[PDB]
Amino acid sequence: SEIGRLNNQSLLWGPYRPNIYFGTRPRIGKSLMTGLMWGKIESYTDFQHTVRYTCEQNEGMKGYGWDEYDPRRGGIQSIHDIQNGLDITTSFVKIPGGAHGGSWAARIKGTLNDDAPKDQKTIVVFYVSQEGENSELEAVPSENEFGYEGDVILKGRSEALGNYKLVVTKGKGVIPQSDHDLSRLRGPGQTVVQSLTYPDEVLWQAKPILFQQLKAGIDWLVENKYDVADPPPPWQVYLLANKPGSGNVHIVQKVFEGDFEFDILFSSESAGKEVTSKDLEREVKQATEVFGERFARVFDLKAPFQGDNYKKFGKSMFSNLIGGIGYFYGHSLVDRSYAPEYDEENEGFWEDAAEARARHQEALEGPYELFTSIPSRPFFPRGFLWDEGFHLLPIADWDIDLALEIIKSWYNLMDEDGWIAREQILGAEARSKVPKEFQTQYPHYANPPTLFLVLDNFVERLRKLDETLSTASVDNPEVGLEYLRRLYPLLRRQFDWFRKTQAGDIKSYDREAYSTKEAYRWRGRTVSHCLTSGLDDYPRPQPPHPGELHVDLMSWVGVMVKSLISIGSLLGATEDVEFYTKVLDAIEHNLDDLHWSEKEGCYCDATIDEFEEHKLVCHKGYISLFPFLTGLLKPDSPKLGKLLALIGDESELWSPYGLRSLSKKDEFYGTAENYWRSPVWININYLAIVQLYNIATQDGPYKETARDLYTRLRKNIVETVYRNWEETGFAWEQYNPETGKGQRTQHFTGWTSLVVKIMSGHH
Ligand SMILES: CS(=O)(=O)c1cc(NCc2ccc(CN3C[C@H](O)[C@@H](O)[C@H](O)[C@H]3CO)cc2)cc(-c2cccnn2)c1
């Protein structure tokens, strides 16, 4: 509770706007937010097309991301913008002090690349907004007529932040000067500020708000007889008339010719003295040193990746993953009808659920907040539930207390029933990027509970001030068990929810098995998809059917029970721990009785026939290995040995680049969208690698096959991801098993970053 508050104060500020190139906000719903924009201007019409704000990936952008980041200290981002002929650095740094979550500073540096005209004009904007009823923010006017020769100071106050100043410094670089008539009314060229107000809920729409002000400037030109007989230069036509004041939006605009840089200094008044540029430089150099020392300790890359090339690779994958951390706030869109069609209980259920959806009873609810890492800045800058379990495995190593914060944040979303939506789209900003037909969440939709994996790691670590704070929840056992105590009931609630909502049907068919209880079927499947399982288009029983059972789902339930055993045991929930033991024992038996195929040598999902009998449906691939991947099989199990055969078999799963999602022998190989029907995916490869290492560092019959497989798979996965990074600068979503090429989306940090932990090893 004391450590909680120090943790709160430490993590309050950051560049928690991963959906944009660079911006800051604190972990507060309605507060002070900033964002960077820039774009070259060569003509009277180009700036609207060159300006950058929200993250994307296309031919115009070579690459971007964090070179180093720790959300407690700050870091350095590099942006390589081809369209704008610019290489940009954004350094962000936090300075603890006072009562309001400390201070921070950022340096924005732009260097023209070799291709750029040496006299390029670049428009740079720093956009500042503040939400809240009783808060103030004011631009201190300049001494000069038309703008600022020097720094722009914003004075503001709020309940959340107390008093603060935000300074945008004069910076360094040529500022262009205009000889035109207009300069007599608009100045020759200088930094300008517009202070505006809009209703709070639209402050986020920085691009349109800016353009509306640019447009009003141009309309003013037109009305005041500035025309094509004698036009002012483009960059002056797009320079806002200076009008500072008070409001909830403040636009600070600069134009530079050539290279440039400028600082942003946020000074929390309740702290000591105010933040300077010399402070920024010192704290930046200091963060880099701490970052370095920590990486070497936490991510000690083992053979054969100890080389410096692999270190830089590892730093990039890690920094981008942990650098994705966002704070999201607002309403989510949920169908709360619990239409009976969603029980999916007859044949052809998918058509019924389509009928219910077509009622559109979904409503906004909340608001909610979420502090989480994300799969990708340009495409998926929001919380995804099973993804986050993978994101936190490397993050927890770095800073267990951060990871627990993020777990707590997710768990705080769980409704009364035990449901967390698998995709968290919080507020209009988060919604803007996401197509309407994809926003609505459904309380019957599960997603893998991979967050338990992180919990498991915490538990084993538990059994055996930024320095201190990162590890306080393990160094103080008292704190640990207390965290577990408070979360334990939500864990159980989620357990029970799986069993009530994702229940399969044994009792109503000719189905025999050790337990009449244990059987699971993901709700929400369509003819070609099962989105809730995480493996979108992995082939399942055709047609889908209320009788289906899914071996991945049962294995996840297995993961959960096992975690509940350890956590219950740590808390002495004896009555609970005994029930869990009966479920574990029953899932073990039932995985065999309902899922094992002796004929095929692997696990399979099941349905019920045209003739109403249990049928196995075997599609050799990730799904086939689940009981192994999820840690459920004994190290001497013959079944495990056969899965090891399947895994290593080059003609089924084993490619030089990692395990294929689907066997080359399956009829569904490389068909359709071919998402999970052949490509190599790091998250599942990671689970294989960890399980091989387990069977490998224990006496048993398969110790040495596992040792060989472990060695080679670790090598193949790391090298594929590394080679692609070296060539393209990106982490990719998935990798082509025939060519080794990364494909689908880029900037996937993202569970692809698991590679840093594969390299570092020692599970
Ligand atoms: C044409 S698109 O670029 O594919 C595309 C698609 C969709 N909607 C569906 C979708 C959602 C997430 C994933 C990735 N991935 C698939 C994995 O199978 C799951 O296991 C993972 O949990 C899941 C998360 O990592 C894939 C598909 C949204 C946007 C978008 C959203 C905001 C802003 N701009 N664009 C773009």
# chains A, B, ... in the order shown; residues from 1 in each chain; ligands from 1
$ select_by_dssp --residues "stretch 58-218 of chain A" --states "alpha helix (DSSP H)" --output "number ranges by chain"
A: 183-186, 206-218
$ closest_atom_pairs --of "chain A" --to "ligand 1" --cutoff "9 Å" --atoms "only C-alpha atoms and all ligand atoms" --output "CSV"
residue,atom,partner,partner_atom_place_in_ligand_line,distance
A:19,CA,ligand 1,33 (C),8.8
A:56,CA,ligand 1,34 (N),8.7
A:374,CA,ligand 1,25 (O),8.1
A:375,CA,ligand 1,25 (O),5.1
A:376,CA,ligand 1,25 (O),7.6
A:377,CA,ligand 1,33 (C),8.7
A:378,CA,ligand 1,34 (N),6.7
A:379,CA,ligand 1,34 (N),4.2
A:380,CA,ligand 1,32 (C),4.9
A:381,CA,ligand 1,32 (C),6.6
A:382,CA,ligand 1,32 (C),7.9
A:383,CA,ligand 1,24 (C),8.5
A:384,CA,ligand 1,22 (O),5.8
A:385,CA,ligand 1,22 (O),7.2
A:386,CA,ligand 1,22 (O),6.3
A:387,CA,ligand 1,22 (O),5.4
A:388,CA,ligand 1,22 (O),8.8
A:422,CA,ligand 1,22 (O),8.2
A:423,CA,ligand 1,22 (O),8.2
A:430,CA,ligand 1,32 (C),7.8
A:431,CA,ligand 1,32 (C),7.6
A:432,CA,ligand 1,33 (C),7.5
A:433,CA,ligand 1,33 (C),3.9
A:434,CA,ligand 1,32 (C),4.1
A:435,CA,ligand 1,28 (C),6.9
A:437,CA,ligand 1,8 (N),9.0
A:438,CA,ligand 1,8 (N),6.2
A:439,CA,ligand 1,8 (N),8.8
A:447,CA,ligand 1,22 (O),8.4
A:531,CA,ligand 1,18 (O),7.2
A:532,CA,ligand 1,20 (O),8.1
A:533,CA,ligand 1,20 (O),7.4
A:534,CA,ligand 1,20 (O),3.7
A:535,CA,ligand 1,18 (O),5.2
A:536,CA,ligand 1,18 (O),5.0
A:537,CA,ligand 1,18 (O),8.1
A:675,CA,ligand 1,18 (O),7.4
A:676,CA,ligand 1,18 (O),7.5
A:733,CA,ligand 1,14 (C),8.0
A:744,CA,ligand 1,4 (O),7.8
A:745,CA,ligand 1,3 (O),6.8
A:748,CA,ligand 1,25 (O),8.1
A:750,CA,ligand 1,25 (O),7.0
A:751,CA,ligand 1,25 (O),8.1
$ residues_around --residues "residue A:323" --least-positions-apart "5" --cutoff "10 Å" --atoms "only C-alpha atoms" --output "PyMOL selection string"
chain A and resi 14-16+18+65-71+74-77+316-318+373-374+377+749
$ write_last_selection --atoms "C-alpha atoms" --output "JSON list (two decimals), in the first residue's frame"
[["chain", "number", "residue", "atom", "x", "y", "z"],
["A", 14, "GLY", "CA", 5.20, 9.07, -19.83],
["A", 15, "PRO", "CA", 5.05, 9.28, -23.64],
["A", 16, "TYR", "CA", 1.96, 7.10, -23.13],
["A", 18, "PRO", "CA", 2.03, 5.11, -28.64],
["A", 65, "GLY", "CA", 11.00, 3.33, -32.90],
["A", 66, "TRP", "CA", 12.66, 3.40, -29.50],
["A", 67, "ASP", "CA", 16.37, 2.83, -29.16],
["A", 68, "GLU", "CA", 16.08, 2.70, -25.39],
["A", 69, "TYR", "CA", 13.17, 3.03, -23.05],
["A", 70, "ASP", "CA", 12.23, 2.50, -19.45],
["A", 71, "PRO", "CA", 8.82, 3.95, -18.52],
["A", 74, "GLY", "CA", 12.40, 7.89, -20.31],
["A", 75, "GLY", "CA", 14.28, 7.09, -23.51],
["A", 76, "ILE", "CA", 15.26, 8.01, -27.07],
["A", 77, "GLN", "CA", 13.20, 7.43, -30.23],
["A", 316, "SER", "CA", 15.75, -2.63, -30.33],
["A", 317, "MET", "CA", 13.21, -5.43, -29.98],
["A", 318, "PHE", "CA", 13.00, -4.89, -26.21],
["A", 373, "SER", "CA", 1.65, -2.54, -23.85],
["A", 374, "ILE", "CA", 0.29, -3.02, -27.40],
["A", 377, "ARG", "CA", 1.91, 1.29, -33.01],
["A", 749, "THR", "CA", 6.39, -5.40, -30.91]]
$ residues_around --residues "residue A:457" --least-positions-apart "2" --cutoff "12 Å" --atoms "only C-alpha atoms" --output "ChimeraX atom specification"
/A:389-390,392-397,400,403-404,450-455,459-464,474,563,566-567,763
$ closest_residue --among "A:144, A:268, A:191, A:248" --to "residue A:105" --atoms "only C-alpha atoms"
A:268
$ residues_around --residues "residue A:225" --least-positions-apart "6" --cutoff "12 Å" --atoms "only C-alpha atoms" --output "JSON, numbers by chain"
{"A": [181, 182, 218, 219, 231, 232]}
$ write_last_selection --atoms "N, CA, C and O atoms" --output "PDB file, in the first residue's frame"
ATOM      1  N   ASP A 181       5.069  41.985 -48.327  1.00  0.00           N
ATOM      2  CA  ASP A 181       4.110  42.905 -47.737  1.00  0.00           C
ATOM      3  C   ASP A 181       3.533  42.347 -46.436  1.00  0.00           C
ATOM      4  O   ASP A 181       3.423  43.042 -45.429  1.00  0.00           O
ATOM      5  N   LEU A 182       3.081  41.099 -46.494  1.00  0.00           N
ATOM      6  CA  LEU A 182       2.376  40.473 -45.391  1.00  0.00           C
ATOM      7  C   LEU A 182       3.163  40.605 -44.083  1.00  0.00           C
ATOM      8  O   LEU A 182       2.574  40.657 -43.004  1.00  0.00           O
ATOM      9  N   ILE A 218      -5.661  31.274 -44.195  1.00  0.00           N
ATOM     10  CA  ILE A 218      -5.686  31.441 -45.639  1.00  0.00           C
ATOM     11  C   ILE A 218      -6.917  32.248 -46.056  1.00  0.00           C
ATOM     12  O   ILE A 218      -6.794  33.177 -46.853  1.00  0.00           O
ATOM     13  N   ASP A 219      -8.091  31.960 -45.469  1.00  0.00           N
ATOM     14  CA  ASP A 219      -9.284  32.738 -45.796  1.00  0.00           C
ATOM     15  C   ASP A 219      -9.020  34.219 -45.516  1.00  0.00           C
ATOM     16  O   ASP A 219      -9.502  35.103 -46.213  1.00  0.00           O
ATOM     17  N   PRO A 231       2.048  36.392 -54.323  1.00  0.00           N
ATOM     18  CA  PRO A 231       1.724  35.572 -53.160  1.00  0.00           C
ATOM     19  C   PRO A 231       2.854  35.563 -52.143  1.00  0.00           C
ATOM     20  O   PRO A 231       4.029  35.532 -52.506  1.00  0.00           O
ATOM     21  N   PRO A 232       2.538  35.532 -50.828  1.00  0.00           N
ATOM     22  CA  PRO A 232       3.572  35.371 -49.810  1.00  0.00           C
ATOM     23  C   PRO A 232       4.137  33.971 -50.019  1.00  0.00           C
ATOM     24  O   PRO A 232       3.532  33.168 -50.725  1.00  0.00           O
TER      25      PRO A 232
END
$ residues_around --residues "residue A:673" --least-positions-apart "5" --cutoff "12 Å" --atoms "only C-alpha atoms" --output "list in words"
residues 528, 529, 536, 537, 538, 539, 668, 678, 679 and 744 of chain A
$ residues_around --residues "residue A:587" --least-positions-apart "2" --cutoff "8 Å" --atoms "only C-alpha atoms" --output "list in words"
residues 515, 518, 554, 558, 583, 584, 585, 589, 590 and 591 of chain A
$ closest_residue --among "A:735, A:710, A:204, A:628" --to "residue A:660" --atoms "only C-alpha atoms"
A:735
$ closest_residue --among "A:299, A:489, A:706, A:129" --to "residue A:573" --atoms "only C-alpha atoms"
A:489
$ decode --residues "stretch 466-582 of chain A" --atoms "C-alpha atoms" --output "CSV table (one decimal), in the first residue's frame"
chain,number,residue,atom,x,y,z
A,466,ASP,CA,13.9,3.2,-9.5
A,467,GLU,CA,16.4,0.4,-8.8
A,468,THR,CA,14.4,-0.6,-5.7
A,469,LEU,CA,10.9,0.0,-7.1
A,470,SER,CA,11.2,-2.3,-10.1
A,471,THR,CA,11.6,-5.3,-7.8
A,472,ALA,CA,9.8,-4.3,-4.6
A,473,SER,CA,7.0,-6.8,-5.1
A,474,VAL,CA,9.5,-9.7,-4.9
A,475,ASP,CA,12.0,-8.3,-2.5
A,476,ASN,CA,9.2,-7.8,0.0
A,477,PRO,CA,7.4,-11.1,0.3
A,478,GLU,CA,4.7,-9.4,2.3
A,479,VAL,CA,3.9,-7.1,-0.7
A,480,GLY,CA,3.9,-10.0,-3.1
A,481,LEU,CA,1.4,-12.2,-1.2
A,482,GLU,CA,-0.7,-9.1,-0.7
A,483,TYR,CA,-0.9,-8.4,-4.4
A,484,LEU,CA,-1.7,-12.1,-5.0
A,485,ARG,CA,-4.4,-12.0,-2.2
A,486,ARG,CA,-6.2,-9.0,-3.8
A,487,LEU,CA,-6.1,-10.4,-7.4
A,488,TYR,CA,-6.7,-14.1,-6.5
A,489,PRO,CA,-10.5,-13.6,-6.3
A,490,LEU,CA,-10.6,-12.2,-9.8
A,491,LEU,CA,-8.4,-15.0,-11.1
A,492,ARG,CA,-11.0,-17.4,-9.7
A,493,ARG,CA,-13.8,-15.4,-11.1
A,494,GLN,CA,-12.2,-15.7,-14.5
A,495,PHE,CA,-11.7,-19.4,-14.0
A,496,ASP,CA,-15.4,-19.9,-13.2
A,497,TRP,CA,-16.4,-17.7,-16.1
A,498,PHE,CA,-14.5,-19.9,-18.6
A,499,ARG,CA,-16.3,-22.9,-17.1
A,500,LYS,CA,-19.8,-21.4,-17.3
A,501,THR,CA,-19.4,-19.7,-20.7
A,502,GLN,CA,-16.9,-21.8,-22.6
A,503,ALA,CA,-18.4,-25.2,-21.5
A,504,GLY,CA,-18.4,-28.1,-23.9
A,505,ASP,CA,-21.1,-30.8,-24.1
A,506,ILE,CA,-20.1,-34.3,-22.9
A,507,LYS,CA,-23.3,-35.5,-21.2
A,508,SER,CA,-25.7,-35.1,-24.1
A,509,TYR,CA,-23.9,-37.3,-26.7
A,510,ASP,CA,-22.5,-40.9,-27.0
A,511,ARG,CA,-19.3,-39.6,-25.3
A,512,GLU,CA,-17.5,-41.5,-22.5
A,513,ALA,CA,-14.6,-40.1,-20.4
A,514,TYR,CA,-13.1,-40.1,-17.0
A,515,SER,CA,-14.8,-36.8,-16.1
A,516,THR,CA,-18.4,-35.7,-17.0
A,517,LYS,CA,-17.3,-32.1,-16.2
A,518,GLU,CA,-14.2,-31.2,-18.3
A,519,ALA,CA,-15.0,-30.2,-21.9
A,520,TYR,CA,-14.6,-26.8,-23.6
A,521,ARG,CA,-15.8,-25.0,-26.8
A,522,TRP,CA,-14.8,-21.5,-27.7
A,523,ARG,CA,-17.9,-19.4,-28.3
A,524,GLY,CA,-18.0,-17.1,-31.3
A,525,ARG,CA,-16.8,-19.3,-34.1
A,526,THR,CA,-17.8,-18.7,-37.7
A,527,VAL,CA,-17.6,-21.0,-40.8
A,528,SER,CA,-14.0,-20.1,-41.5
A,529,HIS,CA,-12.8,-18.4,-38.3
A,530,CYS,CA,-12.3,-18.8,-34.5
A,531,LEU,CA,-11.1,-15.3,-33.5
A,532,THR,CA,-11.5,-15.9,-29.7
A,533,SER,CA,-9.0,-18.7,-29.7
A,534,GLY,CA,-6.3,-16.3,-31.1
A,535,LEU,CA,-5.6,-18.5,-34.1
A,536,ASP,CA,-7.9,-16.8,-36.5
A,537,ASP,CA,-8.2,-19.2,-39.4
A,538,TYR,CA,-6.6,-22.3,-38.0
A,539,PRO,CA,-8.7,-25.1,-39.5
A,540,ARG,CA,-11.4,-26.4,-37.1
A,541,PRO,CA,-14.3,-28.9,-37.4
A,542,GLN,CA,-16.5,-28.2,-40.5
A,543,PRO,CA,-19.2,-27.3,-40.1
A,544,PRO,CA,-18.9,-25.6,-36.7
A,545,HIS,CA,-21.1,-27.3,-34.2
A,546,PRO,CA,-22.4,-27.1,-30.6
A,547,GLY,CA,-20.8,-30.5,-30.1
A,548,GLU,CA,-17.3,-29.2,-30.9
A,549,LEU,CA,-14.6,-29.5,-28.3
A,550,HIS,CA,-11.3,-27.6,-28.6
A,551,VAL,CA,-8.1,-29.0,-27.1
A,552,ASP,CA,-6.4,-25.6,-27.0
A,553,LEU,CA,-9.2,-24.2,-24.8
A,554,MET,CA,-9.0,-27.2,-22.4
A,555,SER,CA,-5.2,-26.8,-22.1
A,556,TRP,CA,-5.6,-23.1,-21.2
A,557,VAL,CA,-8.1,-24.1,-18.5
A,558,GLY,CA,-5.3,-26.5,-17.4
A,559,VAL,CA,-2.9,-23.6,-17.3
A,560,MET,CA,-5.3,-21.6,-15.1
A,561,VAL,CA,-6.0,-24.4,-12.6
A,562,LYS,CA,-2.3,-24.9,-12.1
A,563,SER,CA,-1.7,-21.2,-11.4
A,564,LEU,CA,-4.6,-21.3,-8.9
A,565,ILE,CA,-3.0,-24.3,-7.2
A,566,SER,CA,0.2,-22.3,-6.6
A,567,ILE,CA,-1.5,-19.1,-5.7
A,568,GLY,CA,-4.1,-20.7,-3.4
A,569,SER,CA,-1.3,-22.6,-1.8
A,570,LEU,CA,0.6,-19.4,-1.2
A,571,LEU,CA,-2.6,-17.9,0.4
A,572,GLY,CA,-3.8,-21.1,2.1
A,573,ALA,CA,-7.2,-21.4,0.3
A,574,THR,CA,-7.2,-25.1,1.2
A,575,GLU,CA,-10.8,-25.7,0.3
A,576,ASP,CA,-10.1,-24.1,-3.1
A,577,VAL,CA,-6.8,-25.9,-3.7
A,578,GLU,CA,-8.5,-29.3,-3.1
A,579,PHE,CA,-11.2,-28.6,-5.7
A,580,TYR,CA,-8.6,-27.4,-8.2
A,581,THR,CA,-6.7,-30.7,-7.7
A,582,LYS,CA,-9.8,-32.6,-8.8
